[PDB]
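Since the structure comes first, as structure tokens, the remarks are kept for the end.
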Amino acid sequence: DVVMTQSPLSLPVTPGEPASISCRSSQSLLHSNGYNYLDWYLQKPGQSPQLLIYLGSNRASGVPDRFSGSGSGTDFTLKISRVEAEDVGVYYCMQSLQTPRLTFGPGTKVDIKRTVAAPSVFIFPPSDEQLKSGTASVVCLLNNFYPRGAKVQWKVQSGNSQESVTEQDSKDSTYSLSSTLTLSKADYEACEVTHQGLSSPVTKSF
Amino acid sequence: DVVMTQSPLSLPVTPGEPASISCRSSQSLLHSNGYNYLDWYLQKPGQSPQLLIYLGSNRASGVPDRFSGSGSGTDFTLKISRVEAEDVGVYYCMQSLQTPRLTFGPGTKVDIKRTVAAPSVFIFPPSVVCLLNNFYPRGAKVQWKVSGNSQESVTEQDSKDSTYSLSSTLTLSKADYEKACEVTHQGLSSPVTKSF
Amino acid sequence: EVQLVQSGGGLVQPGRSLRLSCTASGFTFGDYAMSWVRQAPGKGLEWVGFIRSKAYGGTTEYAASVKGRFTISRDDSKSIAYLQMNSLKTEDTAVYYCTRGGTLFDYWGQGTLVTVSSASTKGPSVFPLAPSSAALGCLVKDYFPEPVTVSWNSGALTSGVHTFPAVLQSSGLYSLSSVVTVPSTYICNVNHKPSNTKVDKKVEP
Amino acid sequence: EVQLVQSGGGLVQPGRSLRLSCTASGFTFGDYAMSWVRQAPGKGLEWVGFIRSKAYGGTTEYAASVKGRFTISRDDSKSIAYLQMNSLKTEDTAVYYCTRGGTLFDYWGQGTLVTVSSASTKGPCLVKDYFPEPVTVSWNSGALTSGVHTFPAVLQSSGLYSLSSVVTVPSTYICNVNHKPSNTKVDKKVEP
Amino acid sequence: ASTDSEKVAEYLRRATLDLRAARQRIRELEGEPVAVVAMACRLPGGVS
Amino acid sequence: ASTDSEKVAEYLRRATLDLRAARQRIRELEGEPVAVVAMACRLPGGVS
């Protein structure tokens, strides 16, 4: 009675060619009447979500004809034809046989395919915009390191920091990011990043 | 739970202009989901019955666009647009609140409208018959008294003219005769009698 | 596409047994539920039975005058519905239909005659007359079975013929009539291929 | 032909009450069932509650984590549904949506945003310690429009959001900030 | 929840609406009326 | 027959079938492909 299934969460797309999203849930949802109880929803980034395919595989009115669906007792795939720019967003496998739902789920995220990249590893151990008043919390910066999958850590060791991301760097499609460590005055006596594009970890203290 | 068409059982029609069939019911249906459990069926002469409109007015595929239902939960009525050839037969109002449905119902006939042409009367002395000819609209009363036993037959609606013809036979066996035949039609005055 | 055909039907004496086969093709037969309806020869349409689907399992319920008289049968390998006959009665003589759906009677079948009687093929009588005038009458009586053909002047004059449909006599036979017109050399001819009888009759006024 | 045009929201201190209204239009509001869905900032989606149609009565299911904290009321005279915010507690801040249908989520209307907690304007290149909610940047007094990397705000220990912006050049840069409630433009240059 | 006609009704309504929209599109495609907005003529006898 | 458990199923099936038929009709009307059957030409040179 769980729908933890999902397609690859970071599936990229290219304009023109089709794509496929599939989720294969737990114990079959085929009701006695002979109908699957799975639904699909799309969340366009910025506005309210939208409904794409209701019970089984039936396109709702107003949905572009490019979308299509298929299903089985436990296996369901969402097939989409040639992809355009506006199709970027979030999708959800959504069931209705069980109890009233508690959460839609993590869902699947899509983006425009782009060749791999490497970060810019900018760090600022200098700190004066908040100096002589309190801790400035330092900052290490990354830039143009597609894909978005990356992580940072601070050693000098730390366990408290803040991060933020951008929206695929617009046309650059590279996901620039900044990280902010948390410090104080008593400890004011660095940033290590690694991701699949970067062959080796890199850290600086200046 | 009791529904009768209440529409004109004969309902003569003529192509070009449209028509309608009312369907009055008992207490309204109005199922909680928000629908009316009423359907329509059409039977062609000598053909298998076919479905026209299910609940409300959402006529299924294959049905020509000239048909269209309407009505509330207790005043259902079926609208038909410009009348054409065929569509002559029996139409049935069907409910769905009670599953064990026994009989579809008497239904309403449909036939081409014509004039009020009078019948004709003939007799056949000898096991004798009393037949008529071209007495549209359909209808005739036989009251052989000189009563209790009889046997009659009626043809179709006279395709080329739409004036029915009837024949009825006196039920007798052998020489037990030791000694009335009149018909009343709505398109006719007081009946005429031959009486052998 | 979706086709439904019916097979099995003929003349059977009272108290016999029979079965009817309904064949479906073009759709997943498992989901739908079959239902049998019967129309009397000259009356309305009356529901007979209804068999549910294995998804809900279940069985039929039949109705009055049929409960405990005969049963149903339904398969899944070839989607062939079966209606059994047990101790057939003369009043049961009527056309039978097999159609899809349990509540909403969707696409229907084609029908089967299935008559019940106890008689044999006979030779029709004539007893014709022309009293004064004009729709000349040459009746046909006491013939069996139903198939019979009549004509006028050896099938020469066919303008205004008013041959009437058959009617069941109380003895199990049938009676016919045929009149056309003569508002003034006329011979009435009838054939009964089931009884292979040729009858031609001249009538005078 | 079908809009929900919900409205009613704002900033509310902890331990208070509020209400929201969803306005039906076009379709017969009586038959359908209303629902409320909340999306936390930077999170997925979660269901709040729903109310059955009059045909099945007036049953309302409030899911969990609320249990009488909020109530949903339905009006048929004007076809308006209400959600009664009561005793708000911090993390309840999100954007709230009003949707049509009990199980199958129809046209979905549109969302409204509310906030929580109590603080005051402080005024702000880190651009730290502000709490109107929005902040704008006028890089190089609006002259330089290249290499902009403005990043979204981040919650801190006591609110008072902080920002960040950066440009690069391998070779005259004011950065500068704007603050709507206070107008505390500082401009200033920088040399490392 | 309520019996089982708690979700089926919504699907029925959605299907009916979609069918109505599709048939409306068919009707507009095959039988849309066309209106005349303006007209000009030049005919003998001084007609201008 | 179980009320509100099986009756709605038949209506849903019929509605789905009708919607599929209508959408198929729309698709066929809008963009049905056309096939080329025969060939004829008369070109400069000796081409016939």
Between the stretch B:109-126 and the stretch C:119-172, what is the C-alpha centre distance in whole Å? 20
At what distance in angstrom do the alpha carbon centres of chain F and the stretch E:1-42 lie from each other? 19
Whole-angstrom gap from the stretch C:63-85 to the stretch A:161-180, using each part's C-alpha centre: 71
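How do A:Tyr91, B:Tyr54 rank when sorted from fewest to most other Cβ atoms within 10 Å of their own Cβ?
The most exposed by this proxy come first: A:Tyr91, B:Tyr54.
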Bins of 5 Å, beginning at zero and ending with the bin holding the largest distance: percent of Cα pairs per bin for the stretch D:44-192, please. 2, 7, 13, 15, 12, 10, 9, 9, 8, 7, 5, 3, 1, 0, 0
Quick one: Cα convex hull volume of the stretch D:3-116, Å³ per residue? 99
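Run the dipole for the protein assembly as shown about the Cα centre, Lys and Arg Cβ at +1, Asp and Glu Cβ at -1, nothing else charged, and hand back the magnitude in debye, nearest 20.
640
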Selection from F:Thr16, F:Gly45, F:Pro33 lying farthest towards where the dipole of chain F points positive, charges on Cβ: F:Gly45
Given the candidates D:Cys175, D:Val148, D:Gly58, the one whose Cα lies deepest towards the positive end of the charge dipole of the stretch D:35-192, counting +1 at each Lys or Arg C-beta and -1 at each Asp or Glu C-beta, is D:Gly58
Sorting B:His185, B:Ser68, B:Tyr164 by the position of each Cα along the dipole of chain B (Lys, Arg +1; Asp, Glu -1; all at Cβ), the one nearest the positive end of that ordering is B:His185
Under the Karplus relation with 6.51, -1.76 and 1.60 and θ = phi - 60°, whole-Hz ³J(HN,Hα) for the stretch D:46-62, x at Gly and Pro, equal 8, 8, 9, x, 7, 10, 6, 7, 4, 4, 9, x, x, 5, 10, 10, 9
Partner chain Cβ atoms within 10 Å, averaged over the residues of B:110-123 - can you pull that number for me? 1
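Listing B:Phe67, D:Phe105 from the residue with the fewest other Cβ atoms within 10 Å to the one with the most, what is the order?
By the 10 Å Cβ count, ascending, the order reads B:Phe67, D:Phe105.
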Net charge (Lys, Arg +1; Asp, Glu -1) of residues whose beta-carbon lies under 10 Å from that of A:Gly89, A:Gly89 excluded, is -1
Charged-residue dipole, Cβ positions (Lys, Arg, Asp, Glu), the stretch B:1-113 about Cα centre, Debye nearest 20: 40
Residue by residue through the stretch B:108-117, which ³J(HN,Hα) values in whole Hz follow from phi under the Karplus form 6.51 cos²θ - 1.76 cosθ + 1.60 (θ = phi - 60°), with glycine and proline marked x? 10, 7, 9, 8, 6, 5, 8, 7, 10, 3
Averaged over its residues, how many other protein chain Cβ atoms are within 10 Å of peptide C:44-56's Cβ atoms? 4
How compact and how long is the stretch B:114-196, expressed as Rg and Dmax of its alpha-carbon atoms in Å? 13.4, 43
Expected-Rg normalisation [2.2 N^0.38 Å, Cα atoms] applied to the protein assembly as shown: 1.43
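Where a number appears in this text, it was derived from the coordinates with a stated rule and is not lab data. Ideal geometry is used to build each Cβ from the backbone, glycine not excepted, and the neighbour counts take in all protein chains shown.
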